[PDB]
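Student: Below you'll find the structure I mean.
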Amino acid sequence: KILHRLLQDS
Amino acid sequence: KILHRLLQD
Amino acid sequence: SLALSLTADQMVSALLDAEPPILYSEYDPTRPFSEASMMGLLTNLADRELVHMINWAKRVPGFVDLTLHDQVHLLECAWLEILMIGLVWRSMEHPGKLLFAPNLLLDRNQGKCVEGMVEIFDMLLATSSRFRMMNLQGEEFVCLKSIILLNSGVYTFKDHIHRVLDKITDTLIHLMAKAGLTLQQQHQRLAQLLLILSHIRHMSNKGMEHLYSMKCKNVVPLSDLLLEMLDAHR
Amino acid sequence: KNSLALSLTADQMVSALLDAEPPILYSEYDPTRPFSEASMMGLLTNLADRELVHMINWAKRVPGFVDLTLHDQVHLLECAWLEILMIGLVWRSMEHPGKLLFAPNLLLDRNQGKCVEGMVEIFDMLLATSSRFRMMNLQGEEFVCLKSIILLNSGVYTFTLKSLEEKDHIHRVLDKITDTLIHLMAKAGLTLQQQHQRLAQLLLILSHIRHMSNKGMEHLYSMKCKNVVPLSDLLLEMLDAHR
Ligand SMILES: O=S(=O)(Oc1ccc(Br)cc1)c1ccc(-c2ccc(O)cc2)c(-c2ccc(O)cc2)c1
Ligand SMILES: O=S(=O)(Oc1ccc(Br)cc1)c1ccc(-c2ccc(O)cc2)c(-c2ccc(O)cc2)c1
C-alpha cells in the first residue's frame, strides 16, 4: 500500500 | 407522498 | 414555539412518554434464514416501525412547529439513522447480538445470510458495545434520537431547529449533572455521545446503499412507503 | 510508554496542532481554458492527491497518532481522508460566501459545480457547511481540534483483545481534545451554558461532514468505473478501502 510506505517514510 | 399522509393523520 | 419554554426535566419526560413501542417480527419458527427470508422479515419490521416513528416525531418538542415540508425532509434524511440507533439501544443487554425484535435476535453469523450485510452488522454491534461501555441511560438515548431527527437534515434546506438542538444540549448536561458528574466529566461525556452520531450517520449511508442494491436486485418486494423513503436518498 | 499527548496542556495542544497545519496547495487551473466534466475533476483529483501526501505527514504530528500501531494508522486515514479534505475545504471557504475555494486560484460557485453529474448536491452541502462555519464564527483553534477529532474518531468503531487497549488510548486523546475546545471557549468569555452548546454545535457538524464524505466517496467510485477521469494510484487505494 502507498499509504503504508508514506507512513513508514521517516 | 405517503409520508404526507402519516404526518397529517 | 412551546419547546423552548420547557424545563430540562419536562423535556426528558416528554421524550420518554413519546417513545415508540418495540414491535415483534413475524413468528415463523424457521430460525435458519436465507437472503430473501431475512430481508423479508427486516423490511416488514422496518415498514411497521416507520409508522410509529412518524408519530413519535410529531411528539418531539418543537417538531410540530416546522412546516410540513421541513418535517418530510427531516424524516426522509434521518429515518434509517433513527431505526439504527433504536436497534443499537435495545441490543445493549444482548452483547454480541442484535435485537431487531424480541423474537428476532441475530448474531453476526446470521449476518452472512444477506450479501454485504456483515460489514454493517459489525458496525452495529460495535455501537451497542460502545453504548454498554458508556453505561448509556435511556434519558440520554431519547435525547440523542431527537438530535438525529432535527440535525441530520438541517444543513440541506433552521434558526428554530438550532434553538431546539441547544435545548436538548442543555437537557443532556442536566442529566449528567444530576448523575453527579463533574464539569470536566460533563463536557467529555457530551462529546463522546455526539461523536457516536457521526458513526450512526456512517452506518445509515452504508445501509441506504445496501437497500438500494436490494431494490434493483429484487430479492424482496419493498413497500411503497419504504421505496419512497429510499428514493429521497438517490 | 508515557504518552506525550496525555501530558500536553490545553494551550500546548493548540500550539502543536497549529504548527502541524498543512499548507494550502495550488491547482493547475488555467482560467483561459473553460471547464468541463473531465477537466474539472482532473484538476480536483490532482489537487486532492497532493493534499493526501501532506495529510499523511500531518497525521504523524497529531498528538497520540504515533502511539498507535502502523495498522491502525492506515485504517484511520483510509476511513477519514475525504472527511479531512472536506473540512479543510469548508474551512478555506469561510470568507467566500457562495463559493468553494479548492485552491487560492480555484474558486468555484454552484453554477460551475453542475459541470459534473451528481456534483451539485454535495457542492451545496459543502457550501451550507461553510455557511454554518461562518454564522458560528469558527476559530482556527477550534478548527484544528475538529479536524484532529475526525482523524481519531471516524474509524475508531471499525477496528479484539489486545487491540482494545488501543481504543482506550484514542478515547483518552479525544477527551483531552474535548478539554481543549472547552478551554478555548472559556477564554472567549462564553458562559458554561454557551460552552456546552457551542461544543455540541461543532460536533454535530461532524455528522454532516461524514455524510458529505459518504456521498463524495460514492461519486468518486462511480467516476472510477466511468474511466473519464484518471485517478491517481494513492486515491485508488484510499477509494478501494471504502468498497
Ligand atoms: O443495510 S443493513 O446494514 O443490511 C443488513 C441486512 C441484514 C443484516 Br443481518 C445486517 C445488515 C440494515 C441494518 C439494519 C436494518 C434495520 C431494520 C429494522 C430496524 O428496526 C433497524 C435496522 C436494515 C433495514 C432497514 C430497512 C428495511 O426496510 C430493512 C432493513 C438494514
Ligand atoms: O463528490 S464531490 O461532491 O463531487 C464534486 C465534483 C466537483 C465539484 Br465543483 C463539486 C463536487 C467532491 C467534492 C469535493 C472534493 C474535494 C476535492 C479537494 C479537496 O481538497 C476537498 C474536497 C471532491 C474530490 C475529492 C477527491 C478527489 O480525488 C477528487 C474530488 C469531490
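Here's how to read the names in the C-alpha cells: chain A, B, ... by the order shown, residue numbers from 1 in each chain, ligand numbers from 1 in the order shown.
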Need to verify the contact set: residue 99 of chain D, 12 Å, only C-alpha atoms, exclusion of same-chain residues closer than 6 positions in sequence. Can you return it as a ChimeraX atom specification?
Tutor: /D:89-93,106-113,123-131
Student: Residues of chain D that have any atom at most 6 Å from an atom of ligand 2: could you tabulate them with the shortest-distance atom pair and the distance in Å to one decimal, using only C-alpha atoms and all ligand atoms, ordered by chain and increasing number, as CSV?
Tutor:
```
residue,atom,partner,partner_atom_place_in_ligand_line,distance
D:44,CA,ligand 2,29 (C),4.6
D:45,CA,ligand 2,28 (O),3.3
D:48,CA,ligand 2,18 (C),4.7
D:85,CA,ligand 2,21 (C),4.2
D:86,CA,ligand 2,21 (C),4.4
D:89,CA,ligand 2,21 (C),5.1
D:102,CA,ligand 2,20 (O),5.8
D:113,CA,ligand 2,9 (Br),3.7
D:116,CA,ligand 2,7 (C),5.9
D:119,CA,ligand 2,11 (C),3.9
D:122,CA,ligand 2,3 (O),4.3
D:123,CA,ligand 2,10 (C),4.7
D:216,CA,ligand 2,1 (O),3.3
D:219,CA,ligand 2,1 (O),5.0
```
Student: Can you work out which residues from chain B touch chain C at a cut-off of 7 Å (counting only C-alpha atoms) and hand them back as a ChimeraX atom specification?
Tutor: /B:2-3,6-7
Student: Taking N, CA and C atoms for each residue, export the selection above as a PDB file, in the first residue's frame.
Tutor:
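Saved result, part.pdb, follows:
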```
ATOM      1  N   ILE B   2     -46.759   9.210   0.520  1.00  0.00           N
ATOM      2  CA  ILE B   2     -47.319   8.520   1.678  1.00  0.00           C
ATOM      3  C   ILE B   2     -46.876   9.187   2.971  1.00  0.00           C
ATOM      4  N   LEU B   3     -45.671   9.763   2.985  1.00  0.00           N
ATOM      5  CA  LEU B   3     -45.173  10.417   4.190  1.00  0.00           C
ATOM      6  C   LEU B   3     -46.044  11.602   4.588  1.00  0.00           C
ATOM      7  N   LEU B   6     -49.176  10.173   6.699  1.00  0.00           N
ATOM      8  CA  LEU B   6     -48.914   9.805   8.086  1.00  0.00           C
ATOM      9  C   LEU B   6     -48.599  11.022   8.944  1.00  0.00           C
ATOM     10  N   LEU B   7     -47.995  12.056   8.356  1.00  0.00           N
ATOM     11  CA  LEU B   7     -47.682  13.272   9.095  1.00  0.00           C
ATOM     12  C   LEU B   7     -48.903  14.146   9.354  1.00  0.00           C
TER      13      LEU B   7
END
```
Student: Step by step, measure atom-to-atom distances between ligand 1 and each residue using only C-alpha atoms and all ligand atoms, keep those at most 6 Å, then write them as a ChimeraX atom specification.
Tutor: /C:42-43,45-47,83-84,87,100,110-111,114,117-118,120-121,207,210-211
Student: Neighbours of segment 2-6 of chain A within 12 Å (only C-alpha atoms; same-chain residues fewer than 5 positions away dropped), as JSON, numbers by chain?
Tutor: {"D": [49, 52, 53, 54, 55, 56, 57, 58, 59, 60, 69, 70, 71, 72, 73, 74, 75, 76, 77, 78, 81, 232, 233, 234, 235, 236, 237, 238, 239, 241]}
Student: Would you compute the distance between atom CA of residue 154 of chain D and atom CA of residue 203 of chain D? Give it in Å to one decimal.
Tutor: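 Interatomic distance here is 12.1 Å.
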Student: Atom CA of residue 26 of chain D and atom CA of residue 47 of chain D, how far apart in Å?
Tutor: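 Taking atom CA of residue 47 of chain D and atom CA of residue 26 of chain D, their separation equals 7.4 Å.
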Student: Within 12 Å of residue 133 of chain C, counting only C-alpha atoms, which residues qualify if same-chain residues fewer than 4 places away don't, as a list in words?
Tutor: residues 92, 93, 95, 126, 127, 128, 129, 137, 189, 192 and 193 of chain C; 168 of chain D
Student: Just how far from atom CA of residue 19 of chain D is atom CA of residue 100 of chain D, in Å to one decimal?
Tutor: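 Computed distance, atom CA of residue 100 of chain D to atom CA of residue 19 of chain D, equals 24.7 Å.
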